[PDB]
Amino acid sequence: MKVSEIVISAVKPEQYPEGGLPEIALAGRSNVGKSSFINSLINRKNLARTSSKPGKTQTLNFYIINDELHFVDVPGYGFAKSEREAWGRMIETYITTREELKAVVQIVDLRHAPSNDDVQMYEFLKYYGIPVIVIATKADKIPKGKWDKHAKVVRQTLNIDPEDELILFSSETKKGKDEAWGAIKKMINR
């Protein structure tokens, strides 16, 4: 997509933006680079703020791209890993009351294997039959030669449906860019 502005920081539906526009929201361990992915697709450095390595994103952030879509940035599973569950109620409601939600891009790190939270997430995300675009990120930190031994583990771990799709990615080198935008567009222009 020949592709960039914030709109709001909703903590509940009584805040979600207006317009009834389409949205793709992200789910990911904390620090995984969800805030980064978002930026990588619409070509921004820190529109969605990134951080050294903490738990910087802390609210559902809506980013209207070309006034045609909505990327929604989300805190990592549980921000400060009680607050665990506090996190769910929110992502859940949303992913069960936001009809425009046109799919969830769940991002996991390629290097390691999906943490149960990721299987969990995906599971839930699947119980509601929400289309998902898994993203093996930070490819660039894995010897190009071993991206199969790593990305095979995911598929098995998250045992990803055949309807859903895994994609290798880099917020550094931008690898997986378009693939993302393609799948993301299948979901939008379905």
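We number the residues from 1 along the sequence you see.
S.K.: Relative to the deposited sequence, how many residues with no modelled coordinates occur between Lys81 and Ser82 (none, 1 to 3, 4 to 9, 10 or more)?
M.R.: In the record, 1 to 3 residues between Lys81 and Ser82 lack coordinates.
S.K.: With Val3 and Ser4 adjacent in the shown sequence, let me know how many deposited residues between them lack coordinates: none, 1 to 3, 4 to 9, or 10 or more.
M.R.: The entry leaves 1 to 3 residues without coordinates here.
S.K.: Averaged over C-alpha atoms, is the B-factor higher for 31-39 or for 48-56 in this PDB entry?
M.R.: Result: 48-56.
S.K.: Using the B-factors recorded in the PDB entry, average over the C-alpha atoms of 91-99 and of 105-113, then report which stretch comes out higher.
M.R.: Stretch with the higher mean C-alpha B-factor: 105-113.
S.K.: Return the residue from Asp67, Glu165, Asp140, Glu123 that has the highest Cα B-factor in the entry.
M.R.: By C-alpha B-factor in the record, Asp67 ranks first.
S.K.: Sorting the chain's modelled residues by C-alpha B-factor, tell me whether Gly20 ends up in the lowest, middle or highest third.
M.R.: It belongs to the middle third of the chain when residues are ordered by C-alpha B-factor.
S.K.: Considering every modelled residue of the chain and its Cα B-factor in the PDB entry, is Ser170 in the lowest, middle or highest third?
M.R.: Middle third, going by the recorded CA B-factors of the chain.
S.K.: Sorting the chain's modelled residues by C-alpha B-factor, tell me whether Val7 ends up in the lowest, middle or highest third.
M.R.: Highest third, going by the recorded CA B-factors of the chain.
S.K.: Give the position of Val132 by CA B-factor within its chain, expressed as the lowest, middle or highest third.
M.R.: Its C-alpha B-factor belongs to the lowest third of this chain's values.
S.K.: For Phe62, does the deposited CA B-factor place it in the lowest, middle or highest third of the chain?
M.R.: For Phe62, whose C-alpha B-factor we compare with every modelled residue in the chain, the answer is the middle third.
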